[PDB]
$ cat work06.txt   # compact mmCIF, C-alpha atoms and all ligand atoms
# COMPACT_ATOMS: atom_id res chain seq x y z
CA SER A 1 35.36 -23.24 -35.46
CA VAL A 2 34.79 -19.61 -36.54
CA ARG A 3 35.22 -16.64 -34.18
CA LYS A 4 33.84 -13.13 -34.33
CA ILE A 5 36.00 -10.39 -35.80
CA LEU A 6 36.32 -7.09 -33.97
CA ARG A 7 35.33 -4.02 -36.01
CA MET A 8 37.27 -0.76 -36.05
CA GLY A 9 36.20 1.20 -33.03
CA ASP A 10 36.65 -1.51 -30.44
CA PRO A 11 39.75 -0.46 -28.42
CA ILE A 12 41.17 -3.97 -28.29
CA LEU A 13 42.31 -3.24 -31.85
CA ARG A 14 44.52 -0.41 -30.61
CA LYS A 15 46.30 -2.20 -27.78
CA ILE A 16 49.68 -3.88 -28.09
CA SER A 17 49.64 -7.64 -28.31
CA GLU A 18 52.34 -9.35 -26.27
CA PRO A 19 54.87 -12.17 -27.08
CA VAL A 20 54.21 -15.90 -27.17
CA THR A 21 56.29 -18.11 -24.85
CA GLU A 22 58.32 -21.13 -25.98
CA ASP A 23 55.81 -23.02 -23.82
CA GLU A 24 52.45 -21.70 -24.97
CA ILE A 25 53.11 -23.14 -28.43
CA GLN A 26 52.60 -26.64 -26.98
CA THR A 27 49.46 -25.94 -24.95
CA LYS A 28 46.50 -27.80 -26.41
CA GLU A 29 44.68 -24.49 -26.06
CA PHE A 30 47.17 -22.88 -28.44
CA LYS A 31 46.80 -25.42 -31.24
CA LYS A 32 43.05 -24.77 -31.06
CA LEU A 33 43.55 -21.02 -31.47
CA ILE A 34 45.53 -21.46 -34.65
CA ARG A 35 42.86 -23.78 -36.06
CA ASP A 36 40.22 -21.21 -35.19
CA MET A 37 42.20 -18.35 -36.69
CA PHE A 38 42.60 -20.23 -39.94
CA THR A 39 39.05 -21.53 -40.09
CA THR A 40 38.08 -17.92 -39.34
CA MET A 41 40.26 -16.31 -42.00
CA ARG A 42 39.23 -18.85 -44.61
CA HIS A 43 35.60 -18.00 -43.93
CA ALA A 44 35.90 -14.25 -44.44
CA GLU A 45 38.07 -14.92 -47.50
CA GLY A 46 41.13 -13.19 -46.11
CA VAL A 47 44.79 -13.46 -46.94
CA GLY A 48 45.86 -13.06 -43.33
CA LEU A 49 44.79 -12.64 -39.73
CA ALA A 50 46.10 -11.34 -36.41
CA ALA A 51 45.17 -12.71 -32.97
CA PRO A 52 43.79 -9.38 -31.81
CA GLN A 53 41.42 -9.27 -34.76
CA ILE A 54 39.54 -11.96 -32.88
CA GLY A 55 40.28 -10.67 -29.42
CA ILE A 56 43.58 -12.13 -28.30
CA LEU A 57 46.46 -9.79 -27.61
CA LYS A 58 49.26 -12.14 -28.55
CA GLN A 59 51.80 -11.72 -31.33
CA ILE A 60 50.27 -14.38 -33.58
CA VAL A 61 49.77 -14.09 -37.32
CA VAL A 62 48.25 -16.38 -39.91
CA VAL A 63 48.69 -16.06 -43.68
CA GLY A 64 47.87 -18.09 -46.72
CA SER A 65 45.49 -17.97 -49.68
CA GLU A 66 43.81 -21.09 -51.12
CA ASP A 67 44.28 -20.06 -54.80
CA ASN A 68 40.58 -19.15 -55.08
CA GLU A 69 37.66 -16.95 -56.20
CA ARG A 70 37.81 -13.16 -56.20
CA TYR A 71 41.36 -11.80 -56.75
CA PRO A 72 41.93 -13.36 -60.24
CA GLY A 73 44.70 -10.79 -60.25
CA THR A 74 46.13 -11.38 -56.79
CA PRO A 75 49.07 -13.76 -56.41
CA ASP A 76 49.24 -16.38 -53.72
CA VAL A 77 50.73 -16.51 -50.28
CA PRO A 78 51.76 -19.88 -48.76
CA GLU A 79 50.03 -21.06 -45.58
CA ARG A 80 52.16 -20.21 -42.57
CA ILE A 81 52.20 -19.31 -38.89
CA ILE A 82 54.08 -16.16 -37.87
CA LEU A 83 54.94 -15.64 -34.21
CA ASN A 84 56.61 -12.73 -32.48
CA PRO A 85 57.47 -11.03 -35.81
CA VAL A 86 59.87 -8.14 -35.98
CA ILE A 87 60.29 -6.06 -39.11
CA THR A 88 62.89 -3.62 -40.34
CA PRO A 89 62.65 -1.54 -43.52
CA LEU A 90 65.49 -2.06 -45.95
CA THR A 91 64.74 0.72 -48.43
CA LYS A 92 62.90 4.01 -48.63
CA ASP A 93 61.16 2.95 -51.85
CA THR A 94 57.42 2.57 -51.83
CA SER A 95 54.83 0.47 -53.57
CA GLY A 96 51.25 1.70 -53.55
CA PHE A 97 48.33 -0.61 -52.93
CA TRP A 98 44.64 -0.56 -52.10
CA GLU A 99 44.34 -2.34 -48.75
CA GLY A 100 41.19 -3.47 -47.00
CA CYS A 101 40.98 -4.70 -43.48
CA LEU A 102 38.60 -7.34 -42.26
CA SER A 103 37.94 -5.07 -39.35
CA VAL A 104 37.01 -2.27 -41.74
CA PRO A 105 34.46 -4.05 -43.99
CA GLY A 106 33.42 -2.74 -47.40
CA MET A 107 36.17 -0.14 -47.68
CA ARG A 108 39.54 0.08 -49.24
CA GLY A 109 42.22 2.68 -48.90
CA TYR A 110 45.40 3.52 -50.75
CA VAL A 111 48.47 2.73 -48.66
CA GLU A 112 52.17 3.10 -49.45
CA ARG A 113 54.56 0.87 -47.47
CA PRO A 114 58.23 -0.01 -47.95
CA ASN A 115 58.80 -2.85 -50.40
CA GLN A 116 61.92 -4.42 -48.96
CA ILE A 117 61.95 -5.61 -45.36
CA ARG A 118 63.90 -7.87 -43.07
CA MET A 119 61.55 -9.88 -40.93
CA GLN A 120 62.37 -12.27 -38.10
CA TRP A 121 59.82 -14.72 -36.71
CA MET A 122 59.16 -18.19 -35.42
CA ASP A 123 56.82 -21.05 -36.35
CA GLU A 124 54.58 -23.52 -34.52
CA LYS A 125 57.59 -25.81 -34.35
CA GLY A 126 59.88 -23.25 -32.76
CA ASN A 127 62.21 -22.72 -35.71
CA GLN A 128 63.42 -19.11 -35.83
CA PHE A 129 63.88 -17.42 -39.23
CA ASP A 130 65.50 -14.24 -40.49
CA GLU A 131 65.01 -13.60 -44.20
CA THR A 132 64.49 -10.58 -46.41
CA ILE A 133 61.01 -10.27 -47.93
CA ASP A 134 59.81 -8.16 -50.86
CA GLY A 135 56.78 -7.49 -53.05
CA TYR A 136 53.19 -8.34 -52.14
CA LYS A 137 54.22 -10.62 -49.28
CA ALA A 138 56.03 -7.79 -47.52
CA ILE A 139 52.83 -5.80 -47.94
CA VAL A 140 50.75 -8.52 -46.36
CA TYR A 141 53.30 -9.16 -43.66
CA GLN A 142 53.59 -5.50 -42.74
CA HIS A 143 49.81 -5.05 -42.65
CA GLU A 144 49.51 -7.95 -40.28
CA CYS A 145 52.50 -7.05 -38.15
CA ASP A 146 50.83 -3.61 -37.69
CA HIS A 147 47.78 -4.95 -35.84
CA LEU A 148 50.23 -6.33 -33.27
CA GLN A 149 51.29 -2.80 -32.54
CA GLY A 150 47.68 -1.74 -32.44
CA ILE A 151 47.68 -0.12 -35.89
CA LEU A 152 45.13 -0.23 -38.69
CA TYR A 153 45.87 0.63 -42.29
CA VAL A 154 43.52 3.57 -41.89
CA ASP A 155 46.26 5.10 -39.78
CA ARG A 156 48.54 5.13 -42.80
CA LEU A 157 46.27 6.43 -45.54
CA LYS A 158 48.34 8.55 -47.92
CA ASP A 159 45.46 10.83 -48.72
CA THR A 160 41.98 10.53 -47.23
CA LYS A 161 40.60 11.35 -50.65
CA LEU A 162 41.81 7.87 -51.75
CA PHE A 163 39.64 5.88 -49.37
CA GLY A 164 36.04 4.78 -49.83
CA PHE A 165 33.54 1.96 -50.11
CA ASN A 166 34.15 -0.95 -52.47
CA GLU A 167 30.57 -0.76 -53.77
CA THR A 168 31.41 2.69 -55.22
CA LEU A 169 35.18 2.53 -55.83
CA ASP A 170 34.39 0.01 -58.57
CA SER A 171 32.97 2.68 -60.91
CA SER B 1 10.42 12.76 -53.61
CA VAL B 2 13.55 11.05 -52.22
CA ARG B 3 16.85 10.93 -54.09
CA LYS B 4 19.84 8.60 -53.74
CA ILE B 5 22.77 9.69 -51.60
CA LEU B 6 26.30 9.29 -52.92
CA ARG B 7 28.60 7.23 -50.71
CA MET B 8 32.24 8.11 -49.96
CA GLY B 9 34.34 6.95 -52.83
CA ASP B 10 32.28 8.47 -55.65
CA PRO B 11 34.42 11.38 -56.94
CA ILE B 12 31.45 13.72 -57.29
CA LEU B 13 31.84 14.18 -53.54
CA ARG B 14 35.30 15.63 -54.05
CA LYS B 15 34.57 18.19 -56.72
CA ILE B 16 33.82 21.85 -56.03
CA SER B 17 30.18 22.81 -56.30
CA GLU B 18 29.56 26.11 -58.09
CA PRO B 19 27.42 29.22 -57.23
CA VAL B 20 23.69 29.66 -57.68
CA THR B 21 22.50 32.54 -59.89
CA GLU B 22 19.98 35.18 -58.84
CA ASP B 23 17.86 33.60 -61.60
CA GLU B 24 18.06 29.89 -60.89
CA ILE B 25 16.32 30.51 -57.55
CA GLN B 26 13.12 31.20 -59.50
CA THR B 27 13.27 28.25 -61.90
CA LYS B 28 10.47 25.79 -61.18
CA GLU B 29 13.20 23.13 -61.44
CA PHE B 30 14.99 24.77 -58.50
CA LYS B 31 12.04 24.80 -56.14
CA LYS B 32 11.73 21.08 -56.85
CA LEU B 33 15.35 20.46 -55.91
CA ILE B 34 14.88 22.04 -52.51
CA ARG B 35 11.73 19.99 -51.85
CA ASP B 36 13.65 16.89 -52.83
CA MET B 37 16.66 17.76 -50.70
CA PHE B 38 14.46 18.25 -47.70
CA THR B 39 12.27 15.20 -48.27
CA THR B 40 15.58 13.34 -48.71
CA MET B 41 17.25 14.66 -45.59
CA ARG B 42 14.12 14.08 -43.51
CA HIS B 43 14.09 10.47 -44.65
CA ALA B 44 17.66 9.63 -43.65
CA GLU B 45 17.08 11.47 -40.38
CA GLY B 46 19.73 14.09 -41.05
CA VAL B 47 20.32 17.53 -39.63
CA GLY B 48 21.57 18.91 -42.92
CA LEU B 49 22.29 18.19 -46.56
CA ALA B 50 24.36 19.49 -49.43
CA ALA B 51 23.40 19.44 -53.13
CA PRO B 52 26.43 17.33 -54.07
CA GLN B 53 25.42 14.68 -51.57
CA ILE B 54 22.63 13.88 -54.04
CA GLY B 55 24.63 14.64 -57.15
CA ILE B 56 24.31 18.35 -57.86
CA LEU B 57 27.40 20.53 -57.80
CA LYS B 58 25.71 23.73 -56.71
CA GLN B 59 26.37 25.65 -53.51
CA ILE B 60 23.05 24.66 -51.92
CA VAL B 61 22.56 23.67 -48.27
CA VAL B 62 19.55 22.56 -46.27
CA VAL B 63 19.40 22.40 -42.50
CA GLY B 64 16.81 21.68 -39.87
CA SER B 65 16.08 19.62 -36.77
CA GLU B 66 12.78 20.44 -34.97
CA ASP B 67 11.43 18.18 -32.19
CA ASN B 68 14.83 16.81 -31.07
CA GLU B 69 13.18 13.52 -30.12
CA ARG B 70 15.86 11.92 -32.38
CA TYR B 71 19.02 13.49 -30.95
CA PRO B 72 18.85 14.94 -27.37
CA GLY B 73 22.22 16.35 -26.26
CA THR B 74 21.90 19.04 -28.89
CA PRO B 75 20.28 22.41 -29.68
CA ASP B 76 17.66 22.94 -32.31
CA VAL B 77 18.42 23.74 -35.88
CA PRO B 78 15.72 25.80 -37.59
CA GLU B 79 14.71 24.91 -41.16
CA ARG B 80 16.64 27.05 -43.62
CA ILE B 81 18.17 27.30 -47.07
CA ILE B 82 21.82 28.32 -47.30
CA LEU B 83 23.17 29.44 -50.66
CA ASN B 84 26.68 30.42 -51.69
CA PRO B 85 27.93 30.33 -48.05
CA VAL B 86 31.28 31.75 -47.10
CA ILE B 87 32.80 31.16 -43.69
CA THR B 88 35.57 32.79 -41.69
CA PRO B 89 36.83 31.54 -38.33
CA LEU B 90 36.69 34.11 -35.55
CA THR B 91 38.72 32.30 -32.89
CA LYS B 92 41.34 29.60 -32.53
CA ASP B 93 39.30 27.82 -29.85
CA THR B 94 37.93 24.39 -30.61
CA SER B 95 34.95 22.32 -29.60
CA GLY B 96 35.19 18.56 -30.04
CA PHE B 97 32.36 16.50 -31.46
CA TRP B 98 31.59 13.08 -32.93
CA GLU B 99 30.44 13.72 -36.47
CA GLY B 100 28.83 11.30 -38.89
CA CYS B 101 28.26 11.98 -42.56
CA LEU B 102 25.41 10.60 -44.64
CA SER B 103 27.95 9.76 -47.23
CA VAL B 104 29.92 7.75 -44.68
CA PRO B 105 27.19 5.45 -43.25
CA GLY B 106 27.47 3.60 -39.96
CA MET B 107 30.57 5.49 -38.76
CA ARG B 108 31.46 8.40 -36.50
CA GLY B 109 34.67 10.28 -35.90
CA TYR B 110 35.94 12.89 -33.48
CA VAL B 111 36.35 16.30 -35.14
CA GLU B 112 37.47 19.65 -33.70
CA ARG B 113 36.33 22.75 -35.60
CA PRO B 114 36.43 26.44 -34.68
CA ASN B 115 33.41 27.50 -32.58
CA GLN B 116 33.04 31.10 -33.69
CA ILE B 117 32.56 31.86 -37.36
CA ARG B 118 31.34 34.64 -39.62
CA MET B 119 29.11 33.23 -42.34
CA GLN B 120 27.58 35.02 -45.32
CA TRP B 121 24.82 33.44 -47.39
CA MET B 122 21.55 33.97 -49.21
CA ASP B 123 18.08 32.43 -49.07
CA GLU B 124 15.45 31.19 -51.53
CA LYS B 125 14.12 34.74 -51.54
CA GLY B 126 17.40 36.38 -52.41
CA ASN B 127 18.03 38.08 -49.08
CA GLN B 128 21.76 38.16 -48.28
CA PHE B 129 22.90 37.75 -44.67
CA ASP B 130 26.12 38.24 -42.74
CA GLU B 131 25.95 37.21 -39.10
CA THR B 132 28.33 35.60 -36.65
CA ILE B 133 27.44 32.01 -35.66
CA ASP B 134 28.62 29.94 -32.72
CA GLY B 135 28.06 26.63 -30.98
CA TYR B 136 26.50 23.53 -32.49
CA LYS B 137 25.09 25.51 -35.43
CA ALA B 138 28.56 26.64 -36.49
CA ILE B 139 29.56 22.99 -36.34
CA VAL B 140 26.69 21.93 -38.56
CA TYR B 141 27.19 24.85 -40.90
CA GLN B 142 30.89 24.17 -41.24
CA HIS B 143 30.27 20.47 -41.75
CA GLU B 144 27.80 21.25 -44.50
CA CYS B 145 29.77 24.06 -46.06
CA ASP B 146 32.66 21.58 -46.24
CA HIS B 147 30.80 19.32 -48.73
CA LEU B 148 30.77 22.27 -51.16
CA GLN B 149 34.55 22.48 -51.22
CA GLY B 150 34.70 18.76 -51.73
CA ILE B 151 35.62 17.89 -48.15
CA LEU B 152 34.42 15.14 -45.85
CA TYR B 153 34.77 15.15 -42.10
CA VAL B 154 37.06 12.20 -42.46
CA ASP B 155 39.58 14.67 -43.84
CA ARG B 156 39.58 16.46 -40.49
CA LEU B 157 39.74 13.58 -38.02
CA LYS B 158 41.82 14.73 -35.05
CA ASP B 159 43.17 11.27 -34.39
CA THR B 160 42.33 8.21 -36.50
CA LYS B 161 42.16 6.22 -33.28
CA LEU B 162 38.97 8.19 -32.54
CA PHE B 163 36.97 6.93 -35.49
CA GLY B 164 34.94 3.76 -35.86
CA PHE B 165 31.59 2.05 -36.41
CA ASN B 166 28.54 3.07 -34.40
CA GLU B 167 27.66 -0.54 -33.69
CA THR B 168 30.88 -0.82 -31.66
CA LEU B 169 31.51 2.71 -30.44
CA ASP B 170 28.42 2.32 -28.28
CA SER B 171 30.56 0.25 -25.95
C1 LIG C 201 48.62 -6.35 -47.27
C2 LIG C 201 47.51 -7.14 -46.71
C3 LIG C 201 46.42 -7.40 -47.74
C4 LIG C 201 45.03 -7.53 -47.18
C5 LIG C 201 44.93 -8.38 -45.88
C6 LIG C 201 43.43 -8.45 -45.41
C7 LIG C 201 43.41 -9.30 -44.08
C8 LIG C 201 43.38 -8.34 -42.85
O1 LIG C 201 42.39 -7.62 -42.74
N1 LIG C 201 44.37 -8.32 -41.98
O2 LIG C 201 44.40 -7.59 -41.00
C9 LIG C 201 42.61 -8.99 -46.59
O3 LIG C 201 42.43 -10.17 -46.79
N2 LIG C 201 42.14 -8.06 -47.38
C10 LIG C 201 41.34 -8.18 -48.57
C11 LIG C 201 42.02 -7.22 -49.56
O4 LIG C 201 41.95 -6.03 -49.33
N3 LIG C 201 42.67 -7.70 -50.64
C12 LIG C 201 42.81 -9.14 -51.02
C13 LIG C 201 43.63 -9.09 -52.30
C14 LIG C 201 44.34 -7.77 -52.29
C15 LIG C 201 43.36 -6.81 -51.62
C16 LIG C 201 42.48 -6.16 -52.66
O5 LIG C 201 43.09 -5.57 -53.61
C17 LIG C 201 39.86 -7.80 -48.26
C18 LIG C 201 39.04 -7.78 -49.56
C19 LIG C 201 39.22 -8.77 -47.28
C1 LIG C 202 28.48 18.39 -37.51
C2 LIG C 202 27.23 17.65 -37.26
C3 LIG C 202 26.26 17.77 -38.41
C4 LIG C 202 25.97 16.44 -39.01
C5 LIG C 202 25.35 16.54 -40.40
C6 LIG C 202 25.09 15.10 -40.94
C7 LIG C 202 24.47 15.27 -42.39
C8 LIG C 202 25.62 15.25 -43.45
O1 LIG C 202 26.37 14.26 -43.47
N1 LIG C 202 25.78 16.24 -44.27
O2 LIG C 202 26.65 16.28 -45.10
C9 LIG C 202 24.25 14.35 -39.88
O3 LIG C 202 23.05 14.36 -39.84
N2 LIG C 202 24.98 13.70 -39.02
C10 LIG C 202 24.51 12.84 -37.96
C11 LIG C 202 25.43 13.19 -36.75
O4 LIG C 202 26.63 12.95 -36.82
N3 LIG C 202 24.88 13.76 -35.65
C12 LIG C 202 23.42 14.10 -35.48
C13 LIG C 202 23.33 14.71 -34.11
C14 LIG C 202 24.73 15.08 -33.69
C15 LIG C 202 25.68 14.13 -34.46
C16 LIG C 202 26.14 12.92 -33.58
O5 LIG C 202 25.55 12.66 -32.47
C17 LIG C 202 24.53 11.34 -38.40
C18 LIG C 202 24.79 10.41 -37.19
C19 LIG C 202 23.23 10.94 -39.06
ZN ZN C 203 43.58 -6.03 -41.03
ZN ZN C 204 27.97 15.21 -44.48

$ encode --input "work06.txt" --output "structure tokens" --more "lines below"
Ligand SMILES: CCCCC[C@H](CC(=O)NO)C(=O)N[C@H](C(=O)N1CCC[C@H]1CO)C(C)C
Ligand SMILES: CCCCC[C@H](CC(=O)NO)C(=O)N[C@H](C(=O)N1CCC[C@H]1CO)C(C)C
Ligand SMILES: [Zn+2]
Ligand SMILES: [Zn+2]
Amino acid sequence: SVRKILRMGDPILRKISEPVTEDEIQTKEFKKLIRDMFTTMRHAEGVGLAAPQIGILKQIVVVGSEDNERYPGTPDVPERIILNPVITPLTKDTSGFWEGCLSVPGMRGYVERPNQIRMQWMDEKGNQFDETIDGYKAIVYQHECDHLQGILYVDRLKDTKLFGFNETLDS
Amino acid sequence: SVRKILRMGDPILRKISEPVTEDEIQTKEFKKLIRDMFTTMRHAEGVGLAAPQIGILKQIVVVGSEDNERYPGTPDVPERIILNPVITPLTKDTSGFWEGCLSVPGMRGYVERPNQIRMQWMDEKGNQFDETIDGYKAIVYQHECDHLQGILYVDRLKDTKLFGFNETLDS
């Protein structure tokens, strides 16, 4: 099923989501959340989603793009569940990008983030990873990992001049 | 008649509007602009408006809120034309306030501006003033005068946490 997405302004979006236990991942309730998250993300045509975005303060992320409409210039991201992620920048180099949050509808803003990061997470199965990510994925990943710390891209705008509504940025 | 209002993102909103000549104020075309600005502001239920907001880069402002049946908690702002305004802060004291711009629809943000300023302008008749303004008016005035220097309140947000959509801030 599809859940409602919290819009910027609601304080839930600024609170810190907490860890997921090695037990919760087996609860029937959990499996349903994931499903919802996905079904929810897919609906709004997003590339990722964070538990809080729907109201749950748990370190749970969902990514993956179904190689579809809009973005015929945006690479793909494999479906995957990210739990209790922890990131570390590897370089001071930056890659600019116009981000848009689902919680901040109709607006995009220019945001520079590091382009080489070491992330450590865990999947629905319990396998723990520790690889080094780069390019677009790192961007996605970082954006999502931010919500877990109660942070929206708007907090990182390089220059407020470079921020506006889609309707008019496309002109 | 009513004119269209530029939304944040359009670059016109970031360019510097230029002065109005002692002649332009007599042009029949001018008088029409004013009428339009007002009729426009009145429609969107605003307290003020700047030429650029409708597409004209001329230092022209329009203010005015009579029967405050719309917004209570605030003073009255008498109808008036402000031309070629120049402000100077008089104190370092600040007064907080949740501003909303017509160019940034459906959103408010907390903004602290000085509360004692010396403004100098000129009216449709050509009379030049130089008085010291304070309280809510100064806020309005400063807000409006900002749009002439190509600045939106969003540029002055105290803390990005304190910024969101009306729909959800009223909770
Ligand atoms: C680095 C993360 C990239 C964006 C992630 C968001 C999902 C989100 O809001 N997470 O919190 C998204 O799908 N955003 C879309 C977006 O801004 N996109 C999708 C393709 C790239 C970019 C537009 O250039 C909007 C249109 C819904
Ligand atoms: C500094 C306050 C002056 C605001 C001027 C704007 C008009 C504007 O955006 N001009 O550029 C306005 O009407 N703003 C309204 C606004 O923010 N108001 C109106 C009453 C006080 C304040 C919020 O309550 C919006 C909500 C329509
Ligand atoms: Zn987001
Ligand atoms: Zn404004």

$ residues_around --input "work06.txt" --residues "residue 154 in chain A" --least-positions-apart "6" --cutoff "10 Å" --atoms "all atoms listed in the file" --output "VMD selection string"
(chain A and resid 8 99 to 101 104 108 to 111 160 163) or (chain B and resid 160 to 161 163)

$ write_last_selection --input "work06.txt" --atoms "C-alpha atoms" --output "CSV table (one decimal), keeping the file's coordinate frame"
chain,number,residue,atom,x,y,z
A,8,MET,CA,37.3,-0.8,-36.0
A,99,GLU,CA,44.3,-2.3,-48.8
A,100,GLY,CA,41.2,-3.5,-47.0
A,101,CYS,CA,41.0,-4.7,-43.5
A,104,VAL,CA,37.0,-2.3,-41.7
A,108,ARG,CA,39.5,0.1,-49.2
A,109,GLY,CA,42.2,2.7,-48.9
A,110,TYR,CA,45.4,3.5,-50.8
A,111,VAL,CA,48.5,2.7,-48.7
A,160,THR,CA,42.0,10.5,-47.2
A,163,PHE,CA,39.6,5.9,-49.4
B,160,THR,CA,42.3,8.2,-36.5
B,161,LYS,CA,42.2,6.2,-33.3
B,163,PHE,CA,37.0,6.9,-35.5

$ residues_around --input "work06.txt" --residues "range 88-94 of chain B" --least-positions-apart "5" --cutoff "10 Å" --atoms "only C-alpha atoms" --output "list in words"
residues 111, 112, 113, 114, 115, 116, 117, 118, 119, 120, 132, 133, 134, 138 and 142 of chain B

$ write_last_selection --input "work06.txt" --atoms "C-alpha atoms" --output "CSV table (one decimal), keeping the file's coordinate frame"
chain,number,residue,atom,x,y,z
B,111,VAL,CA,36.4,16.3,-35.1
B,112,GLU,CA,37.5,19.6,-33.7
B,113,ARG,CA,36.3,22.8,-35.6
B,114,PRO,CA,36.4,26.4,-34.7
B,115,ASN,CA,33.4,27.5,-32.6
B,116,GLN,CA,33.0,31.1,-33.7
B,117,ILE,CA,32.6,31.9,-37.4
B,118,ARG,CA,31.3,34.6,-39.6
B,119,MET,CA,29.1,33.2,-42.3
B,120,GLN,CA,27.6,35.0,-45.3
B,132,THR,CA,28.3,35.6,-36.6
B,133,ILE,CA,27.4,32.0,-35.7
B,134,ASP,CA,28.6,29.9,-32.7
B,138,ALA,CA,28.6,26.6,-36.5
B,142,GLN,CA,30.9,24.2,-41.2

$ closest_residue --input "work06.txt" --among "B:29, B:10, B:69, B:18" --to "ligand LIG 202 (chain C)" --atoms "only C-alpha atoms and all ligand atoms"
B:69

$ interface_residues --input "work06.txt" --of "chain A" --to "chain B" --cutoff "12 Å" --atoms "only C-alpha atoms" --output "VMD selection string"
chain A and resid 5 to 15 103 to 110 150 to 171

$ closest_residue --input "work06.txt" --among "A:139, A:83, A:20, A:34" --to "ligand ZN 203 (chain C)" --atoms "all atoms listed in the file"
A:139

$ closest_residue --input "work06.txt" --among "A:81, A:86, A:25, A:16" --to "residue 145 in chain A" --atoms "all atoms listed in the file"
A:86

$ closest_atom_pairs --input "work06.txt" --of "chain A" --to "ligand LIG 201 (chain C)" --cutoff "6 Å" --atoms "all atoms listed in the file" --output "JSON lines"
{"residue": "A:46", "atom": "CA", "partner": "C:LIG201", "partner_atom": "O3", "distance": 3.4}
{"residue": "A:47", "atom": "CA", "partner": "C:LIG201", "partner_atom": "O3", "distance": 4.1}
{"residue": "A:48", "atom": "CA", "partner": "C:LIG201", "partner_atom": "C7", "distance": 4.6}
{"residue": "A:49", "atom": "CA", "partner": "C:LIG201", "partner_atom": "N1", "distance": 4.9}
{"residue": "A:71", "atom": "CA", "partner": "C:LIG201", "partner_atom": "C13", "distance": 5.7}
{"residue": "A:74", "atom": "CA", "partner": "C:LIG201", "partner_atom": "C13", "distance": 5.6}
{"residue": "A:98", "atom": "CA", "partner": "C:LIG201", "partner_atom": "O5", "distance": 5.5}
{"residue": "A:99", "atom": "CA", "partner": "C:LIG201", "partner_atom": "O4", "distance": 4.4}
{"residue": "A:100", "atom": "CA", "partner": "C:LIG201", "partner_atom": "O4", "distance": 3.5}
{"residue": "A:101", "atom": "CA", "partner": "C:LIG201", "partner_atom": "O1", "distance": 3.3}
{"residue": "A:102", "atom": "CA", "partner": "C:LIG201", "partner_atom": "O1", "distance": 3.8}
{"residue": "A:139", "atom": "CA", "partner": "C:LIG201", "partner_atom": "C1", "distance": 4.3}
{"residue": "A:140", "atom": "CA", "partner": "C:LIG201", "partner_atom": "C1", "distance": 3.2}
{"residue": "A:143", "atom": "CA", "partner": "C:LIG201", "partner_atom": "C1", "distance": 4.9}
{"residue": "A:144", "atom": "CA", "partner": "C:LIG201", "partner_atom": "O2", "distance": 5.2}

$ closest_residue --input "work06.txt" --among "B:82, B:2, B:50, B:56" --to "ligand ZN 204 (chain C)" --atoms "all atoms listed in the file"
B:50

$ residues_near_point --input "work06.txt" --point "(27.1, 27.1, -56.0)" --cutoff "9 Å" --atoms "only C-alpha atoms" --output "list in words"
residues 16, 17, 18, 19, 20, 21, 51, 57, 58, 59, 60, 83, 84, 85 and 148 of chain B

$ atom_distance --input "work06.txt" --atom1 "CA of residue 66 in chain B" --atom2 "atom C1 of ligand LIG 202 (chain C)"
16.0 Å

$ closest_residue --input "work06.txt" --among "A:126, A:96, A:78, A:135" --to "residue 64 in chain A" --atoms "all atoms listed in the file"
A:78

$ closest_residue --input "work06.txt" --among "A:53, A:68, A:129, A:75" --to "ligand ZN 203 (chain C)" --atoms "all atoms listed in the file"
A:53

$ residues_around --input "work06.txt" --residues "residue 36 in chain B" --least-positions-apart "6" --cutoff "10 Å" --atoms "all atoms listed in the file" --output "list in words"
residues 1, 2, 3, 30, 42 and 54 of chain B

$ atom_distance --input "work06.txt" --atom1 "CA of residue 52 in chain B" --atom2 "CA of residue 70 in chain B"
24.7 Å
